[PDB]
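Have a look below at one chain only, the form deposited without nicotinamide-adenine-dinucleotide (NAD), in structure tokens format.
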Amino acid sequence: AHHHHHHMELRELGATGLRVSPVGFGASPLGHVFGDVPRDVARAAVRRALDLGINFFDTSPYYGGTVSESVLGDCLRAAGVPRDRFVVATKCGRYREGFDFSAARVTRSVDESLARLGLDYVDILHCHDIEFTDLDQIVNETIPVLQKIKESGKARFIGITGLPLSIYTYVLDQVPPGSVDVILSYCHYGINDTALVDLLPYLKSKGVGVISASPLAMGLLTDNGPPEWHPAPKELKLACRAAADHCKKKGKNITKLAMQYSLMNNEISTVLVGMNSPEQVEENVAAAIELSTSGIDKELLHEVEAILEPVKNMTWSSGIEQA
């Protein structure tokens, strides 16, 4: 006899032609609740992800965890992965010293990112956290500039990211069709908040691919709970603590349940997870394969959904007023 080897099933990303693993390797916010790791651990996490079939890596030039553009670049170089077998996204506009979405900064940004990544092009270049600028700048200036960067061949596809779902309608209503290829949304496709679903037809109709992130809502859907800085309302924090406790008391793990839940909508091509160590990679890939072969625990899910119902889709402010 032998054991059957199940693998993740790739998803098609928008109209890009890219086929991406349903679990993607993302960044972590500063001060995330796992804590940082040494560079050797970060490199081993990326290697483990490549070895388990993750083929989508998201990074940025801004603060995160130990996994950075330079770490990704070194790991990809060392692994020798064929370029058409993995997908890399980076971002521009958000830096440690502040936001700068101007034409000269982002044009320079891309070149810096490419050197760190050891690539001639990125698959995706996103405008990062655009709710922190006047969205008309993104419409009138930054997306035009990224068209030039795409035409240069240094980025194949252009994206926009941020927290409030209203940024995507504001921008995508006001740029020429085809100007944006993908979006990255976070915190809006997980058990406590699925509001991204309300944009999926819209995005499809505009030929925009969909990437989601933060399936555990930056630590809400964990046993440990969120970091002290987390801007969720206390009412949401309380409900997520009750949901985690509900799972724990029964010998189950909310993180696994939450990861699997976020994977249950195939109109989202990849769900990015901030992973810090090989073990976290192993756990998330197993959750995704188990979803595919054994199913989610539906009764536990229904119970957790009832706990979270009063706070479903509750969010928090981000960025400036659009005036």
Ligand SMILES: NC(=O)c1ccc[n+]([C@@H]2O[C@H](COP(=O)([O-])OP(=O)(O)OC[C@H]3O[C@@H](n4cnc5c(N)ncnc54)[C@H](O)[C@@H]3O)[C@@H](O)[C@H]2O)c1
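Definition used throughout: the rigid core is the maximal C-alpha set that superposes within 1.5 Å between two forms. So that there is no doubt, residue numbering starts at 1 and follows the sequence shown.
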Which wins on mean Cα temperature factor, 177 to 185 or 231 to 239? 231 to 239
For the higher mean C-alpha B factor in the entry, choose 210 to 218 or 147 to 155. 147 to 155
Candidate set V46, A258, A27, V271 [ranked by C-alpha B-factor, highest]: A27
Could you check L135, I160, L165, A78 and tell me which one carries the biggest Cα B-factor in the deposited entry? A78
Place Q322 in the lowest, middle or highest third of its chain's C-alpha B-factors, as listed in the PDB entry. highest
C-alpha B factor of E282, ranked within the chain: lowest, middle or highest third? middle
Split into thirds by Cα B-factor across the chain's modelled residues, where does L203 land: lowest, middle or highest? lowest
Third of chain Cα B-factors occupied by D223: highest
Split the chain's modelled residues into thirds by Cα B-factor; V67 lands in the highest
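What comes next is about the form deposited with nicotinamide-adenine-dinucleotide (NAD) bound, which is not displayed.
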Contact check for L135, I143 and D181 against nicotinamide-adenine-dinucleotide (NAD) in the deposited bound form, heavy atom at 4.5 Å: no
Although the partner isn't part of this model, could you tell me whether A213 comes within 4.5 Å of nicotinamide-adenine-dinucleotide (NAD) in the deposited bound form, counting any heavy atom of the residue? yes
Classify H188 as contacting or not contacting nicotinamide-adenine-dinucleotide (NAD) in the deposited bound form by the rule of any non-hydrogen atom within 4.5 angstroms, answering yes or no. no
Taking nicotinamide-adenine-dinucleotide (NAD) as it sits in the deposited bound form, is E69 in contact with it (heavy atom to heavy atom, 4.5 Å or less)? no
If we define contact as a non-hydrogen atom of the residue within 4.5 angstroms of the partner, is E283 a contact of nicotinamide-adenine-dinucleotide (NAD) in the deposited bound form? yes
Among 215 to 223, 235 to 243, 170 to 178, 151 to 159, the region lying within 4.5 Å of nicotinamide-adenine-dinucleotide (NAD) in the deposited bound form by heavy atom distance: 215 to 223
Interface residues of 17 to 54 toward nicotinamide-adenine-dinucleotide (NAD), as seen in the deposited bound form [heavy atoms, 4.5 Å]: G26, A27, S28, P29, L30
Report the residue, chosen from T66, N55, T255, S277, for which the CA moves 2 Å or more between this form and the one not shown after the rigid core is overlaid. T66
Would you say whether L291 is displaced between this form and the one not shown, judging by a C-alpha shift of 2 Å or more on the superposed rigid core? no
Taking the rigid core as reference, does the Cα of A27 move 2 Å or more between this form and the one not shown? yes
Examine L76 after superposing the rigid core and state whether its CA is displaced by 2 Å or more between this form and the one not shown. yes
In the deposited bound form the CA atoms of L272 and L30, compared with here and shifted by at least 3 Å, lie closer
Do the C-alpha atoms of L30 and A288 sit closer or farther apart in the deposited bound form than they do here, given a shift of 3 Å or more? closer
